[PDB]
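First, one chain by itself in structure tokens, the form deposited in one PDB entry.
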């Protein structure tokens, strides 16, 4: 029902005002933090990376929650892949001169994530304590990559993550990734792959213990660009004759998962699932249907059923390739146990069989 779904989306559009006001409230604090952060010799080249659901224009239903990324430029780095993970790497440095301002964090030849995260939280703390014009508090440490967590005006929660920026060529694991050749063209793929890639501090788990000095690949900027320039036609969604329902589908998937996570928040089954899974699956569906005509607005129902159908498959086969790192499985049994996937499958299938009552 392309009408009921659009009723849901119209209902969703009402939150944009509050999400934008809160976004402004966040930006005000963030800019200050960055200006002050640029003072340290180590975090000199720190900058703001404007990516995420908000800048992708798909952020919904969470005004008091935000995620921001601080990017830092590392000139020349030698990357060492950790145990065929294809996504996690050790950061070494190409040259010998102590031009490196991060020499202080170098634990051996390998760059330590723990040390730099410590200095990051320390400086951020020292600076949030200084300003009293804005009621900003620093929350306790729980997460890994989203290392810093702030509370603005005792209302807004901001997840601050650190990211290294490398202008070098993308790692070999991304070779067969970003299959947009038949969709956004090969010229565009080449242009995009000429852009830098990022690394967020994350630990991998091979078993009982952890490796705490690893960095995981990040391409959020590429995701942003792909999302905000999503058509085979350059004038896609710029006129009435060329209006597609891609972003609508993504929004609907996100809302579906959100509602389902809210319905069973007390049972912890769906805790491991996030919106990135939905986004990834969506990108795969975009690759499957490269034509704008396959995303016509009038077919909003069908297209949505195409996305769900794919996502479900990913849940059943326990396979969801990272759109940039094909050999990395987001839905591997190591990451998410079968019981959770089967539960999510059960619920989604129920919803689809009862005309999505969760949409009302």
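Definition used throughout: the rigid core is the maximal C-alpha set that superposes within 1.5 Å between two forms. Positions refer to the first chain, counted from 1.
Omitted from view is the form deposited in another entry, to which the following refers.
Engineer: Quick check for you: superpose on the rigid core, then look between this form and the one not shown for a C-alpha move of 2 Å or more. Which of 325, 58, 307, 46 is it?
Structural biologist: Among the listed residues, the one whose C-alpha moves by 2 Å or more is 58.
Engineer: Is there a C-alpha shift of 2 Å or more at residue 19 between this form and the one not shown once the rigid core is superposed?
Structural biologist: Yes, residue 19 moves 2 Å or more.
Engineer: Looking in the other form, decide if the C-alpha atoms of residue 279 and residue 21 are closer or farther than in the form shown; they differ by 3 Å or more.
Structural biologist: Compared with the form shown here, the C-alpha atoms of residue 279 and residue 21 sit farther apart in the other form, by 3 Å or more.
Engineer: Which is it in the other form for the CA atoms of residue 241 and residue 58, closer or farther than here, knowing they shift by 3 Å or more?
Structural biologist: Relative to the shown form, the pair is farther apart.
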